[PDB]
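Neighbour counts are summed over all protein chains in view; Cβ atoms, including those assigned to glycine, are modelled from backbone coordinates with ideal geometry. Read the figures in this text as sums done on the coordinates, not as results from a lab.
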Amino acid sequence: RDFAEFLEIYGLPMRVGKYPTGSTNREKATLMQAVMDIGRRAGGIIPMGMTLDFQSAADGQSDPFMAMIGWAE
Amino acid sequence: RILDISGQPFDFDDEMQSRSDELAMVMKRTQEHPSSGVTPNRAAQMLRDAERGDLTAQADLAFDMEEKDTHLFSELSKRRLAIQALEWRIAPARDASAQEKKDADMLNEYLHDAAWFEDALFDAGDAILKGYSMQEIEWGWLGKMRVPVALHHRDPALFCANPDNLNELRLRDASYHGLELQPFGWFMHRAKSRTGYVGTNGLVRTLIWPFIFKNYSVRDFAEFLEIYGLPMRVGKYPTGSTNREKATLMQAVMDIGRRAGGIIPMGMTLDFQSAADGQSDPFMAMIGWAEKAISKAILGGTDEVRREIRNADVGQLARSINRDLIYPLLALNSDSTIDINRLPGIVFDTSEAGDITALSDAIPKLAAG
Amino acid sequence: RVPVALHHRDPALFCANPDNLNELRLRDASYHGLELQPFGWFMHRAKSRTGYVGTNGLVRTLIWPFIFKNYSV
Amino acid sequence: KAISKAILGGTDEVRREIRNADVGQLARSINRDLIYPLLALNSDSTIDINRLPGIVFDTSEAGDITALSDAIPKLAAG
Amino acid sequence: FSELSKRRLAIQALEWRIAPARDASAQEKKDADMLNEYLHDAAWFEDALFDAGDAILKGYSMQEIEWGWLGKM
């Protein structure tokens, strides 16, 4: 079950967006929608004040889970 | 009045129980698909409900699994073709009389001459995955003999177990107690893979989890493959850019492919960031583990065990046939009471094929004595 | 009386009777299709899986691997 | 490999079983659809329902003539 | 479950026969063979044996008995 949970959140880094403190409430909504619209071969234009980065939320291999499963079996 | 196998007299009606006008409403059903968005809590709730006597959601889930999963369908088809390939013959009881032998051979000839027998056996094989298999009986006349014209398969979702007494199926009629099965009008075959009450002896209980894991892993793998090996293209523009200038940059970013060129001003920047990374090893490892688990569950190995499985389920099917189809034919055809302990049965050709090369050793034994 | 020849027909021109499944009918833009003319058709069905007609074919299990393979390639 | 497993059963005995099953189904379909109408139209009298001919396919494994030489001792013994 | 099913199918595949005690009399042999014939003629024996195999995983197996009459027996 832990292996399945790890596989669920694997190989898809989280997309974050940084906005200046002077941004309007509506401007945050547009950025949030734009972050949610990333897939396949995606483009996009970002202002100089804003930044976009990808951070992986899970890393590792399947060797230990499979080793334990095989030992138990 | 026709005497039941248990010895309780009853009245025989040729019309089907499902042909009643009041029962016609429940016969038409919409086959829901509970395999869309499966959740472990949802599966546990479905199994718990099926334990108490629901038997509907579990049946629909099993139907969805037998078509959505390729490996499970392949293994079930292999098992059903293995059981179907055997040969059968009707034999009477030991120390049978001449009349008993005549009845046995006439029934045997009729059943080889009956076309619906093969379809009935194939449909009765559905109790390997589902906990039960229910088929109608359409009685008719053939030379003043009461024989079934044809047998019609029925949806397993239309039956519920009696809460007062489990292990007994009943026809659902939107009531606390379902309608009792009409005697001499049904062919009920159940495969007891695991001991316990009906609705828990099927292969769904153990095969629900590997199916979920394998399907979720493969769908996540496909989604990851969709957004793989193509980094996102971004463009940075100065805060003083015109509205039209942003549109041109956005169009230029969208026009990148093959061996692309382009000129960019000093104030603008262009970069590539990968939106997905990793390998396919863990997804394939999980998929392989689930597939071999399913194969072990269905076939027993990933052979002798296959032979034992065939012998067991063939014996169960033979017992079901003897209890459901053999007795009513003799009871309806014969005017006198049918002896309970002296009726013919069905025996399948469950014998290993000999090797003619190694049986040449019998000649010295025959010479010796 | 012998058949001169047999002509294959498009499977898309037939519909199952809603009142009674497992029975095919010729589509005629009506709630109930025309019943098959006796001694005029040759209907062969392969029951790979038990159930009603139109669900016993190999399409039901082969639809998904085809989609995955084609999209991947 | 999933498609191959679905269609053929393996990626042989299983192929033989598949052939036997679908050949039997096709034979039943032929007997129900084509054999009966020919006799019904050609013959003036009513056609017996339980006494009509059928079609049987040659579903028999080919024997090995080398290993059947063992029948001679059995024939001699009786 | 697979291992338990394999073990239960292995134990179930054996063949059984009722035999009397050593140096048995004619009446003892007759009783033994009549019981043997009855138990092969009894349908519930196979189900009883299969249910008694549940004591491999569980510590015990309990089954009811419904007594009846068959030819004043």
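Miscellaneous remarks
- Residues of region B:199-229 satisfying the condition of being surrounded by fewer than 21 Cβ atoms within 10 Å (Cβ to Cβ), part of a loop (DSSP other than H, G, I, E, B) and under 17 Å from the mean Cα position of the chain (by Cα): B:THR200, B:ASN201
- Any hit, region B:254-266, residues being more than 18 Å from A:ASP37 (Cβ to Cβ), more than 9 Å from chain A (Cβ to nearest Cβ) and surrounded by 15 or more Cβ atoms within 10 Å (Cβ to Cβ): no
- Residue in region B:100-113 that is within 11 Å of another protein chain (Cβ to nearest Cβ), of a type in the set (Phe, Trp, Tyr), under 20 Å from the mean Cα position of the chain (by Cα) and part of a helix (DSSP H, G or I) present: no
- Taking the conditions (1) farther than 22 Å from B:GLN316 by Cβ; (2) within 10 Å of chain B (Cβ to nearest Cβ) in turn, E:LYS30 satisfies each one other than (2).
- Taking residues in region D:37-51 that are within 14 Å of chain C (Cβ to nearest Cβ), and partners anywhere that are hydroxyl-bearing (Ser, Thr, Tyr) and surrounded by 10 or more Cβ atoms within 10 Å (Cβ to Cβ), the pairs with Cβ atoms closer than 8 Å and at least 6 places apart or on different chains are D:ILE47/D:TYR36.
- Residue match in region C:17-26 (condition: within 11 Å of another protein chain (Cβ to nearest Cβ) and of a type in the set (S, T, N, Q)): yes
- Selection from region E:1-36 of residues that are on the phi < 0 side of the Ramachandran plot, charged (D, E, K, R) and exposed (fewer than 14 other Cβ atoms within 10 Å of the Cβ): E:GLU3, E:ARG7, E:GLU15, E:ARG17, E:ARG22, E:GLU28, E:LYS29, E:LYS30
- Any chance D:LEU75 is exposed (fewer than 10 other Cβ atoms within 10 Å of the Cβ) and over 26 Å from C:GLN37 (Cα atoms): yes
- When residues of region B:114-138 are limited to those that are under 15 Å from the mean Cα position of the chain (by Cα) and outside any helix (DSSP H, G or I), the one farthest from the other protein chains (Cβ to nearest Cβ): B:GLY131
- Pick from region E:57-72, criterion over 23 Å from B:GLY345 (Cβ atoms) and within 11 Å of chain B (Cβ to nearest Cβ), ranking: surrounded by the most Cβ atoms within 10 Å (Cβ to Cβ): E:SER61
To keep it simple, each residue is scored yes or no on (1) touching a helix residue (DSSP H, G or I) at 6+ places or on another chain (Cβ under 8 Å); (2) of a type in the set (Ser, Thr, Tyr).
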residue	(1), (2)
B:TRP141	no, no
B:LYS144	no, no
B:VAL147	yes, no
B:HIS153	yes, no
B:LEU166	no, no
B:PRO183	no, no
B:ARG194	yes, no
B:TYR197	yes, yes
B:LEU203	yes, no
